[PDB]
Structure formats: structure tokens, C-alpha cells
Amino acid sequence: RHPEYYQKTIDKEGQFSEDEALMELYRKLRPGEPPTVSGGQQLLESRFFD
Amino acid sequence: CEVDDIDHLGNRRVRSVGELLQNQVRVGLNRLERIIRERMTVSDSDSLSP
Amino acid sequence: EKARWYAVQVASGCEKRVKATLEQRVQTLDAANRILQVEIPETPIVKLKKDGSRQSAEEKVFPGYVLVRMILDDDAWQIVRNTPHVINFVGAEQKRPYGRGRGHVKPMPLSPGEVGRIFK
Amino acid sequence: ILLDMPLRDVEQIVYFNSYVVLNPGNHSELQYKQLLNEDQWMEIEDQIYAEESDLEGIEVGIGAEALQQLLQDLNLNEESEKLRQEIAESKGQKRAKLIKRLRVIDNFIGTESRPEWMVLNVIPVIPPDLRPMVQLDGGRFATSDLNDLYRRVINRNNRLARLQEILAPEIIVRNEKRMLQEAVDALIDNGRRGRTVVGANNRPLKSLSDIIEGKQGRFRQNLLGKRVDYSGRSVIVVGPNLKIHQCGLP
DNA sequence: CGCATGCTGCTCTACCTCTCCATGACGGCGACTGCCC
RNA sequence: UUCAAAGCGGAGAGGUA
DNA sequence: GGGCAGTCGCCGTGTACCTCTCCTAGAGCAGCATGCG
């Protein structure tokens, strides 16, 4: 409803594409392992959508 | 919009014998499925019954 | 070419079972190109028992461990780790940044010396 | 404190997570008590094993504890003299660290102890009546929690000795050594450093420190208050016609 | 008329790893950690 | 001359003052 | 380097008495009842 409030976050943290979004999600959830797109996809699917 | 009160009886629930027995049955069934999956593959020829 | 030997840490009491299941897995997955061979080493020593029977006890040199010959690949690593009743690969260990437990392990291939030593 | 190292580095050298340099002799980028890594050790090995030139006096690195060697190398007297000479001049605001080091060094000098005694080579066993076996009503045994921990320690020790006899590959001997460290640590104190060891149920086992430390430990339950003989208990009613200094006993 | 197979009781030993078992307490005190000069 | 066969640890739940 | 806010982990949280219940998994080995031609 108020998009400029979130636009502040967008500007401060930088826009993400799908690939790098999953890369960063995998990096933060499971550190110490090499990032993978399929890894992040499987992690999300097992976490919330199973 | 309004913040929530956690002691309100509209935010609290009652669980009785049915739900707790359901949870115990679920745990036992998960263990049983693990045993079944482990045992089913040990035989090459079928020679098997449910 | 890159046929390296690795040692896999196994749960207590599961040595022949894991080897049999792993051989079935590789033969049904038709992935012999990556996973080559699985083995456990034994030696049939002879011992006197309590009832006087001269019993041939087949003792494992390395209890709790299995030996494989394979080529390191992410798919191969993922499909050997997913085998039931296996803990991890023995190798270099890393500290866990968040939590308390065993972290990422980097497998270490066996040098030709000891694999030639054992296999004879 | 004694080794002038942060706790994280010492904890990494123990538990077989990193290496440590014991002699950096004849090199440029290696310093005493510097933490190496597996790839760093491999790349240094690629140069030391070539034996081309400028690398005589092979440096020693050791991925085990090697805390015994680092603590044996201590030379308390001259370390104390150097620390005093440094503490005499300049204070800033963070000379308290050198004060703590000097205090510990002076304690070890005065007591005439050796720091390397903090690394164990033998352990004692408690007499068997303080960890007894009791029999339940149905004939089942209720053994203590100390017997399980002692059994684990002995089994791992015997297995490691057997492996060392056969000259097994080193990468498995290191795993056995790490497991033995964790077992002895769990016997001494359970759940202090790593993960708690659970027994039959998912409840923790009782270690040697749990006997003495709690509110239900030995100090507060058996030494500062006990059960006694020639004693009784009952309900009280009112007695008139009694004189003060008199009571009525059934 | 007799032959082949599942169920039950006793015995004997051995232990490591996770998806982590929880994410509604509150104060005090000491030891890292990223950030700004 | 001998004694001698009845005592056992932990965990959870509730109560009285 | 000096100086931090900020954060993570360990320590501590009444006394005496009474009643009830329950207490290690897995695998290996040997002897008795049951349906069929």
C-alpha cells in the first residue's frame, strides 16, 4: 500500500535478481558450503513448502 | 492496525487426548516408514508380502 | 586415471549391510563411471575358544570404516553421503561458524603407499 | 594466558582443526606459534620436499595438539624477567593483560609446578563402592552413569592402540584421537565445551563435576546437613495445664 | 498317516550423526566484533 | 568358634504446613 | 592504534515431610504349534 517505505530498503540494500537472491539465501542459511541455485531452491522447498 | 495481547483467551487454544495421540501416532508412523524403506531394498528377488 | 581411494566412516554394526546397499545403488544407478569400487578389508585369524573349538575369526582391520575407489564429483559425493548408515568422509575438518557440531569435511585421498600396503 | 594466544586459536589447534609451527627455521613467511591450514601446509610441502635450495633445517608443523611441546618450551624465569622489564616502562591503559600474565607466571614459579601437567597422560579411576551396581525389583540392573563414561573411554583407548599397532593410515588415527579427546572431556565434564552425551533416554549423563557442584551436590546435601538417628516426627495439638519447659510425648 | 515353517523366550554386546527438538524469564558480568575516526 | 539376611539409585506428577 | 556500542555465553533463583508410576536397543540362536498331500 505504501511502496516508498519499502523503496527505501530497496535503495539501501541493492536490488536482487533471482539467481543472486538464492545465492545469498543459501549463503546465510548454511555457511561453509559452496553456494548453489538448486541448493537454495531445495532448502526453501523443504523449509516452508513441504 | 493494532498490536496483539498474548494472554487474551482469543489467542489461546486447548489441546486434549485426540491431538496428543495423533502426534504420537505420527511419530511412530515416521519411524515405521524408515524401517520399511530400509528393509524393502535388501532383497533382490521379490519373495515378499506386505 | 583419477581412481582415488577414500575412507568412509560408518555406523556401528553396519559394515556388510552398507557395502551391499551401496553396490546395489551403484549397479541400479548405472553410475559406474564415477563410483568404481566398494570394499571392506578383513583377515581370517585363528583363535582358541572357550569350548576348545579352533575358530577362524574374520576380524576387520578397520572396524567402523569402509574403503571405496571413486572419482570426486559433486553428484557422486551427494549420492554417497545420502546412503543410510554413513556418517561422513574422513578428512580435513572445519569449524562450524554457527551451532555446535561437526562441520564441513574435505575428503583426503589415500596415498599409493598405504593402499598398496593394505591390499596384499 | 600462559601461551600468549587467544582461546579460539588454542581450541582450533586442539580438536584437529588447524596446524601450528614449532620451528620456523630457515624461512621468510613463517613465524613461531603461527596457525597454518591444510592448503597452506600442502603448498609449503610443495616447496620443502623439492629440496632445491634455501630450505635446509626442515620446519616442523603439527596438526595435533602439540600443546605439550609449546608448554614445555616455556622458560618461566626469563619470561618473568622480560615481562617485568616491559611492564616497568609505559602503561597506556591496557597493561592489565601483562599483569595477569605476570601473576600466572609467578604462581607457577612459586609453586614449583610444570605447566605441561595441564595435558593428561594417565587418568585415575574411582573406587568401585562409590559407583555401585544396584538390582531392581524385577531382577534388572540399574547401573550408574560413571560406568558408561568409563566404558566409552576404555573402548576408544583400546581401539586407538590397536590401530596404532597395525600402522594404519594417519587420517584415520587422527579421527580416533579426536574421538578419544571428546570421550575424556565428556567424562570429566559433560556439555561444557561441545555437545552433551545422552544415554538411554534423551537425558544427559551425570559426570564427575555434577557430583560436587550443584545444590543437590555433595557439599550442600551431605556435608552441611545430614540425616540423624534417635529422631521422630508427628502432629502437634494444644496442651493447657502444662507448664512452660514441659511437653507431652506419646 | 506324517512332513515342513512362523512365533517366542533367552543371551550377548556396544555407541557414533543428523531435519534439532527450541525458538514466551530476567538480571549481572566478562569476552569477541564491526565500525569510525 | 563363625553371620547374616534386608537394604538399596534416578526421573516425572500431585499434595500438607 | 583508541574507543567504543553491540552482542554472546555462563552464573544464580526457600525449607521439612507424604502419595503414585516407570526404568537400553538391536541381533543371534534354539524349541513348539499349524495346514497340506
# chains A, B, ... in the order shown; residues from 1 in each chain; ligands from 1
call {"tool": "closest_atom_pairs", "arguments": {"of": "chain C", "to": "chain D", "cutoff": "7 Å", "atoms": "only C-alpha atoms", "output": "CSV"}}
result
residue,atom,partner,partner_atom,distance
C:90,CA,D:171,CA,6.9
C:91,CA,D:171,CA,6.4
C:93,CA,D:17,CA,5.7
C:94,CA,D:17,CA,5.9
C:95,CA,D:17,CA,6.8
C:100,CA,D:194,CA,6.3
C:114,CA,D:169,CA,6.4
call {"tool": "residues_around", "arguments": {"residues": "stretch 35-46 of chain A", "least_positions_apart": "5", "cutoff": "10 Å", "atoms": "only C-alpha atoms (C1' of nucleotides)", "output": "ChimeraX atom specification"}}
result
/A:18-30 /E:19
call {"tool": "write_last_selection", "arguments": {"atoms": "N, CA, C and O atoms (P, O5', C5', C4', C3', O3' and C1' of nucleotides)", "output": "PDB file, in the first residue's frame"}}
result
ATOM      1  N   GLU A  18      16.845 -13.109  -9.146  1.00  0.00           N
ATOM      2  CA  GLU A  18      16.510 -14.420  -8.596  1.00  0.00           C
ATOM      3  C   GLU A  18      17.766 -15.223  -8.283  1.00  0.00           C
ATOM      4  O   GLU A  18      17.898 -15.795  -7.192  1.00  0.00           O
ATOM      5  N   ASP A  19      18.711 -15.254  -9.225  1.00  0.00           N
ATOM      6  CA  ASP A  19      19.920 -16.055  -9.062  1.00  0.00           C
ATOM      7  C   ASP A  19      20.691 -15.638  -7.815  1.00  0.00           C
ATOM      8  O   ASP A  19      20.970 -16.462  -6.936  1.00  0.00           O
ATOM      9  N   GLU A  20      21.020 -14.348  -7.704  1.00  0.00           N
ATOM     10  CA  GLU A  20      21.762 -13.886  -6.537  1.00  0.00           C
ATOM     11  C   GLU A  20      20.925 -13.927  -5.269  1.00  0.00           C
ATOM     12  O   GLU A  20      21.487 -14.083  -4.181  1.00  0.00           O
ATOM     13  N   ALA A  21      19.602 -13.798  -5.378  1.00  0.00           N
ATOM     14  CA  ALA A  21      18.754 -13.948  -4.201  1.00  0.00           C
ATOM     15  C   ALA A  21      18.902 -15.341  -3.603  1.00  0.00           C
ATOM     16  O   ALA A  21      19.136 -15.489  -2.398  1.00  0.00           O
ATOM     17  N   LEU A  22      18.790 -16.379  -4.438  1.00  0.00           N
ATOM     18  CA  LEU A  22      19.001 -17.733  -3.933  1.00  0.00           C
ATOM     19  C   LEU A  22      20.440 -17.951  -3.480  1.00  0.00           C
ATOM     20  O   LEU A  22      20.673 -18.662  -2.496  1.00  0.00           O
ATOM     21  N   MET A  23      21.412 -17.356  -4.178  1.00  0.00           N
ATOM     22  CA  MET A  23      22.806 -17.472  -3.756  1.00  0.00           C
ATOM     23  C   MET A  23      22.985 -16.965  -2.328  1.00  0.00           C
ATOM     24  O   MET A  23      23.545 -17.659  -1.470  1.00  0.00           O
ATOM     25  N   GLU A  24      22.492 -15.754  -2.056  1.00  0.00           N
ATOM     26  CA  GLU A  24      22.638 -15.152  -0.735  1.00  0.00           C
ATOM     27  C   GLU A  24      21.829 -15.905   0.314  1.00  0.00           C
ATOM     28  O   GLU A  24      22.267 -16.041   1.464  1.00  0.00           O
ATOM     29  N   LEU A  25      20.641 -16.387  -0.058  1.00  0.00           N
ATOM     30  CA  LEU A  25      19.825 -17.146   0.883  1.00  0.00           C
ATOM     31  C   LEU A  25      20.545 -18.419   1.310  1.00  0.00           C
ATOM     32  O   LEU A  25      20.607 -18.738   2.505  1.00  0.00           O
ATOM     33  N   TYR A  26      21.126 -19.141   0.347  1.00  0.00           N
ATOM     34  CA  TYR A  26      21.909 -20.327   0.678  1.00  0.00           C
ATOM     35  C   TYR A  26      23.122 -19.970   1.524  1.00  0.00           C
ATOM     36  O   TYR A  26      23.461 -20.690   2.469  1.00  0.00           O
ATOM     37  N   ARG A  27      23.794 -18.866   1.193  1.00  0.00           N
ATOM     38  CA  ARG A  27      24.985 -18.478   1.941  1.00  0.00           C
ATOM     39  C   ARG A  27      24.656 -18.193   3.400  1.00  0.00           C
ATOM     40  O   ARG A  27      25.397 -18.600   4.302  1.00  0.00           O
ATOM     41  N   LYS A  28      23.550 -17.495   3.652  1.00  0.00           N
ATOM     42  CA  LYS A  28      23.205 -17.131   5.023  1.00  0.00           C
ATOM     43  C   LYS A  28      22.621 -18.306   5.801  1.00  0.00           C
ATOM     44  O   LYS A  28      22.877 -18.439   7.002  1.00  0.00           O
ATOM     45  N   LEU A  29      21.839 -19.168   5.148  1.00  0.00           N
ATOM     46  CA  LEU A  29      21.224 -20.279   5.870  1.00  0.00           C
ATOM     47  C   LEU A  29      22.253 -21.331   6.271  1.00  0.00           C
ATOM     48  O   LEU A  29      22.254 -21.803   7.413  1.00  0.00           O
ATOM     49  N   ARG A  30      23.132 -21.716   5.349  1.00  0.00           N
ATOM     50  CA  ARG A  30      24.068 -22.820   5.562  1.00  0.00           C
ATOM     51  C   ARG A  30      25.473 -22.367   5.188  1.00  0.00           C
ATOM     52  O   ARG A  30      25.963 -22.658   4.088  1.00  0.00           O
TER      53      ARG A  30
ATOM     54  P    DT E  19      21.555 -32.005   9.178  1.00  0.00           P
ATOM     55  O5'  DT E  19      19.961 -32.125   9.244  1.00  0.00           O
ATOM     56  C5'  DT E  19      19.155 -31.312   8.399  1.00  0.00           C
ATOM     57  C4'  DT E  19      17.838 -30.962   9.071  1.00  0.00           C
ATOM     58  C3'  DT E  19      17.916 -30.751  10.569  1.00  0.00           C
ATOM     59  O3'  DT E  19      18.325 -29.420  10.847  1.00  0.00           O
ATOM     60  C1'  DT E  19      15.964 -32.011   9.970  1.00  0.00           C
TER      61       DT E  19
END
call {"tool": "interface_residues", "arguments": {"of": "chain E", "to": "chain C", "cutoff": "9 Å", "atoms": "only C-alpha atoms (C1' of nucleotides)", "output": "PyMOL selection string"}}
result
chain E and resi 14-18
call {"tool": "atom_distance", "arguments": {"atom1": "atom CA of residue D:220", "atom2": "atom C1' of residue F:9"}}
result
19.0 Å
call {"tool": "select_by_dssp", "arguments": {"residues": "stretch 97-165 of chain D", "states": "strand (DSSP E)", "output": "ChimeraX atom specification"}}
result
/D:134-135,141-142
call {"tool": "closest_residue", "arguments": {"among": "C:92, C:75, C:63, C:84", "to": "chain B", "atoms": "only C-alpha atoms"}}
result
C:84
call {"tool": "select_by_dssp", "arguments": {"residues": "chain A", "states": "alpha helix (DSSP H)", "output": "PyMOL selection string"}}
result
chain A and resi 3-13+18-29+37-47
call {"tool": "write_last_selection", "arguments": {"atoms": "N, CA and C atoms", "output": "compact mmCIF listing (two decimals), in the first residue's frame"}}
result
# COMPACT_ATOMS: atom_id res chain seq x y z
N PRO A 3 4.45 2.08 -1.11
CA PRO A 3 5.65 1.48 -1.72
C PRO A 3 6.94 2.24 -1.48
N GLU A 4 6.89 3.52 -1.10
CA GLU A 4 8.14 4.25 -0.90
C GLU A 4 8.85 3.81 0.38
N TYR A 5 8.09 3.35 1.38
CA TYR A 5 8.71 2.86 2.60
C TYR A 5 9.58 1.64 2.32
N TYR A 6 9.11 0.74 1.45
CA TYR A 6 9.93 -0.38 1.02
C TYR A 6 10.96 0.03 -0.02
N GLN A 7 10.68 1.09 -0.78
CA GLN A 7 11.65 1.60 -1.74
C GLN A 7 12.91 2.08 -1.04
N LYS A 8 12.77 2.61 0.18
CA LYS A 8 13.95 2.98 0.96
C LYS A 8 14.84 1.77 1.20
N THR A 9 14.25 0.64 1.59
CA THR A 9 15.02 -0.59 1.79
C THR A 9 15.64 -1.06 0.48
N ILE A 10 14.88 -0.98 -0.62
CA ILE A 10 15.40 -1.39 -1.92
C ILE A 10 16.65 -0.59 -2.26
N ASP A 11 16.60 0.73 -2.08
CA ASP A 11 17.74 1.58 -2.39
C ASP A 11 18.91 1.30 -1.46
N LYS A 12 18.64 1.10 -0.17
CA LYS A 12 19.73 0.96 0.79
C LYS A 12 20.44 -0.38 0.64
N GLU A 13 19.71 -1.44 0.28
CA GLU A 13 20.28 -2.79 0.26
C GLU A 13 20.57 -3.31 -1.14
N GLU A 18 16.85 -13.11 -9.15
CA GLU A 18 16.51 -14.42 -8.60
C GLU A 18 17.77 -15.22 -8.28
N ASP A 19 18.71 -15.25 -9.23
CA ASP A 19 19.92 -16.05 -9.06
C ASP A 19 20.69 -15.64 -7.81
N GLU A 20 21.02 -14.35 -7.70
CA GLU A 20 21.76 -13.89 -6.54
C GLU A 20 20.93 -13.93 -5.27
N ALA A 21 19.60 -13.80 -5.38
CA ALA A 21 18.75 -13.95 -4.20
C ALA A 21 18.90 -15.34 -3.60
N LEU A 22 18.79 -16.38 -4.44
CA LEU A 22 19.00 -17.73 -3.93
C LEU A 22 20.44 -17.95 -3.48
N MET A 23 21.41 -17.36 -4.18
CA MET A 23 22.81 -17.47 -3.76
C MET A 23 22.98 -16.97 -2.33
N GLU A 24 22.49 -15.75 -2.06
CA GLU A 24 22.64 -15.15 -0.74
C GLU A 24 21.83 -15.90 0.31
N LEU A 25 20.64 -16.39 -0.06
CA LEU A 25 19.83 -17.15 0.88
C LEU A 25 20.54 -18.42 1.31
N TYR A 26 21.13 -19.14 0.35
CA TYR A 26 21.91 -20.33 0.68
C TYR A 26 23.12 -19.97 1.52
N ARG A 27 23.79 -18.87 1.19
CA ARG A 27 24.98 -18.48 1.94
C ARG A 27 24.66 -18.19 3.40
N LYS A 28 23.55 -17.49 3.65
CA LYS A 28 23.20 -17.13 5.02
C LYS A 28 22.62 -18.31 5.80
N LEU A 29 21.84 -19.17 5.15
CA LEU A 29 21.22 -20.28 5.87
C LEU A 29 22.25 -21.33 6.27
N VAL A 37 22.32 -22.73 -6.78
CA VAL A 37 20.95 -22.31 -7.03
C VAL A 37 19.98 -23.42 -6.64
N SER A 38 20.25 -24.64 -7.10
CA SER A 38 19.40 -25.77 -6.73
C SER A 38 19.44 -26.02 -5.23
N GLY A 39 20.58 -25.75 -4.59
CA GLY A 39 20.64 -25.88 -3.15
C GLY A 39 19.68 -24.95 -2.44
N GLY A 40 19.66 -23.68 -2.85
CA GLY A 40 18.73 -22.74 -2.25
C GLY A 40 17.28 -23.09 -2.55
N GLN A 41 17.00 -23.54 -3.77
CA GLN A 41 15.65 -23.95 -4.12
C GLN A 41 15.18 -25.10 -3.23
N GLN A 42 16.00 -26.14 -3.11
CA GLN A 42 15.64 -27.28 -2.27
C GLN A 42 15.51 -26.86 -0.81
N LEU A 43 16.39 -25.97 -0.35
CA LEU A 43 16.32 -25.53 1.04
C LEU A 43 15.00 -24.83 1.33
N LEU A 44 14.60 -23.91 0.45
CA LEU A 44 13.32 -23.22 0.64
C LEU A 44 12.15 -24.19 0.58
N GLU A 45 12.16 -25.10 -0.40
CA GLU A 45 11.05 -26.04 -0.55
C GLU A 45 10.92 -26.94 0.67
N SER A 46 12.05 -27.37 1.24
CA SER A 46 12.00 -28.20 2.43
C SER A 46 11.63 -27.39 3.66
N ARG A 47 11.96 -26.10 3.68
CA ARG A 47 11.73 -25.30 4.87
C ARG A 47 10.26 -24.92 5.02
call {"tool": "residues_around", "arguments": {"residues": "residue C:33", "least_positions_apart": "3", "cutoff": "12 Å", "atoms": "only C-alpha atoms (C1' of nucleotides)", "output": "PyMOL selection string"}}
result
chain C and resi 1-3+26-27+29-30+36-37+69-73+75-76
call {"tool": "residues_around", "arguments": {"residues": "residue F:17", "least_positions_apart": "4", "cutoff": "12 Å", "atoms": "only C-alpha atoms (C1' of nucleotides)", "output": "number ranges by chain"}}
result
D: 235-236; G: 15-18
call {"tool": "atom_distance", "arguments": {"atom1": "atom CA of residue B:25", "atom2": "atom CA of residue B:11"}}
result
27.0 Å
call {"tool": "residues_around", "arguments": {"residues": "residue E:29", "least_positions_apart": "6", "cutoff": "12 Å", "atoms": "only C-alpha atoms (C1' of nucleotides)", "output": "list in words"}}
result
residues 9, 10 and 11 of chain G
call {"tool": "interface_residues", "arguments": {"of": "chain C", "to": "chain A", "cutoff": "10 Å", "atoms": "only C-alpha atoms", "output": "list in words"}}
result
residues 94, 95, 96, 97, 98, 103, 104 and 105 of chain C
call {"tool": "residues_around", "arguments": {"residues": "residue C:112", "least_positions_apart": "2", "cutoff": "12 Å", "atoms": "only C-alpha atoms (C1' of nucleotides)", "output": "list in words"}}
result
residues 3, 4, 5, 6, 109, 110, 114, 115, 116, 117, 118 and 119 of chain C; 169 of chain D
call {"tool": "write_last_selection", "arguments": {"atoms": "N, CA, C and O atoms", "output": "JSON list (two decimals), in the first residue's frame"}}
result
[["chain", "number", "residue", "atom", "x", "y", "z"],
["C", 3, "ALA", "N", 41.34, -42.52, -10.38],
["C", 3, "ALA", "CA", 40.80, -43.50, -9.45],
["C", 3, "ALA", "C", 41.48, -43.36, -8.09],
["C", 3, "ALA", "O", 42.55, -43.93, -7.86],
["C", 4, "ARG", "N", 40.86, -42.60, -7.19],
["C", 4, "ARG", "CA", 41.40, -42.38, -5.86],
["C", 4, "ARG", "C", 40.61, -43.19, -4.83],
["C", 4, "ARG", "O", 39.40, -43.41, -4.98],
["C", 5, "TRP", "N", 41.32, -43.63, -3.80],
["C", 5, "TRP", "CA", 40.73, -44.37, -2.69],
["C", 5, "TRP", "C", 40.33, -43.40, -1.59],
["C", 5, "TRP", "O", 41.10, -42.50, -1.23],
["C", 6, "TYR", "N", 39.12, -43.57, -1.07],
["C", 6, "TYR", "CA", 38.61, -42.79, 0.04],
["C", 6, "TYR", "C", 38.12, -43.73, 1.12],
["C", 6, "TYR", "O", 37.74, -44.88, 0.85],
["C", 109, "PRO", "N", 42.27, -38.06, -0.20],
["C", 109, "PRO", "CA", 42.59, -39.34, -0.85],
["C", 109, "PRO", "C", 43.77, -40.02, -0.17],
["C", 109, "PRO", "O", 44.65, -39.38, 0.40],
["C", 110, "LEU", "N", 43.76, -41.35, -0.23],
["C", 110, "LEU", "CA", 44.86, -42.12, 0.31],
["C", 110, "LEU", "C", 46.03, -42.16, -0.67],
["C", 110, "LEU", "O", 45.84, -42.36, -1.87],
["C", 114, "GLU", "N", 50.05, -46.55, 1.42],
["C", 114, "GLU", "CA", 49.28, -47.36, 2.35],
["C", 114, "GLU", "C", 48.23, -48.21, 1.65],
["C", 114, "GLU", "O", 47.89, -49.29, 2.15],
["C", 115, "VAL", "N", 47.69, -47.76, 0.51],
["C", 115, "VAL", "CA", 46.74, -48.61, -0.20],
["C", 115, "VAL", "C", 47.44, -49.82, -0.79],
["C", 115, "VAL", "O", 46.90, -50.94, -0.78],
["C", 116, "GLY", "N", 48.67, -49.64, -1.29],
["C", 116, "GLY", "CA", 49.46, -50.80, -1.68],
["C", 116, "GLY", "C", 49.83, -51.68, -0.50],
["C", 116, "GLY", "O", 49.88, -52.90, -0.62],
["C", 117, "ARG", "N", 50.09, -51.06, 0.65],
["C", 117, "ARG", "CA", 50.44, -51.81, 1.85],
["C", 117, "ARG", "C", 49.30, -52.71, 2.30],
["C", 117, "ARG", "O", 49.50, -53.89, 2.60],
["C", 118, "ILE", "N", 48.09, -52.16, 2.38],
["C", 118, "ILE", "CA", 46.95, -52.90, 2.91],
["C", 118, "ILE", "C", 46.53, -54.00, 1.95],
["C", 118, "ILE", "O", 46.29, -55.15, 2.35],
["C", 119, "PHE", "N", 46.43, -53.67, 0.66],
["C", 119, "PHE", "CA", 45.90, -54.59, -0.34],
["C", 119, "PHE", "C", 47.01, -55.52, -0.81],
["C", 119, "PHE", "O", 47.71, -55.25, -1.78],
["D", 169, "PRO", "N", 46.62, -45.99, 8.20],
["D", 169, "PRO", "CA", 46.75, -44.64, 7.63],
["D", 169, "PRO", "C", 46.48, -43.57, 8.67],
["D", 169, "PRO", "O", 45.64, -43.73, 9.56]]
call {"tool": "residues_around", "arguments": {"residues": "residue G:3", "least_positions_apart": "5", "cutoff": "12 Å", "atoms": "only C-alpha atoms (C1' of nucleotides)", "output": "VMD selection string"}}
result
(chain D and resid 93) or (chain E and resid 35 to 37)
call {"tool": "write_last_selection", "arguments": {"atoms": "N, CA, C and O atoms (P, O5', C5', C4', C3', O3' and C1' of nucleotides)", "output": "tab-separated table (two decimals), in the first residue's frame"}}
result
chain	number	residue	atom	x	y	z
D	93	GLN	N	46.73	2.17	28.72
D	93	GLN	CA	45.57	1.78	29.52
D	93	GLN	C	45.32	0.28	29.52
D	93	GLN	O	44.38	-0.16	30.18
E	35	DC	P	31.17	-3.34	9.45
E	35	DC	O5'	31.36	-1.97	10.24
E	35	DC	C5'	30.31	-1.47	11.04
E	35	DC	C4'	30.70	-0.17	11.70
E	35	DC	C3'	31.45	0.81	10.79
E	35	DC	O3'	30.90	2.11	10.93
E	35	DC	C1'	32.67	0.47	12.78
E	36	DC	P	31.13	3.22	9.79
E	36	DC	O5'	31.88	4.40	10.57
E	36	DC	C5'	31.31	4.95	11.75
E	36	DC	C4'	32.33	5.75	12.52
E	36	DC	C3'	33.16	6.72	11.67
E	36	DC	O3'	33.18	8.02	12.27
E	36	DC	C1'	34.57	5.39	13.00
E	37	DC	P	33.37	9.33	11.35
E	37	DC	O5'	34.84	9.17	10.74
E	37	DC	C5'	35.90	10.01	11.18
E	37	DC	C4'	36.35	9.65	12.59
E	37	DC	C3'	37.59	10.38	13.09
E	37	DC	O3'	37.40	10.81	14.43
E	37	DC	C1'	37.92	8.05	13.26
call {"tool": "closest_atom_pairs", "arguments": {"of": "chain F", "to": "chain D", "cutoff": "10 Å", "atoms": "only C-alpha atoms (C1' of nucleotides)", "output": "CSV"}}
result
residue,atom,partner,partner_atom,distance
F:8,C1',D:134,CA,6.8
F:9,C1',D:134,CA,7.1
F:10,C1',D:142,CA,8.7
F:11,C1',D:203,CA,9.3
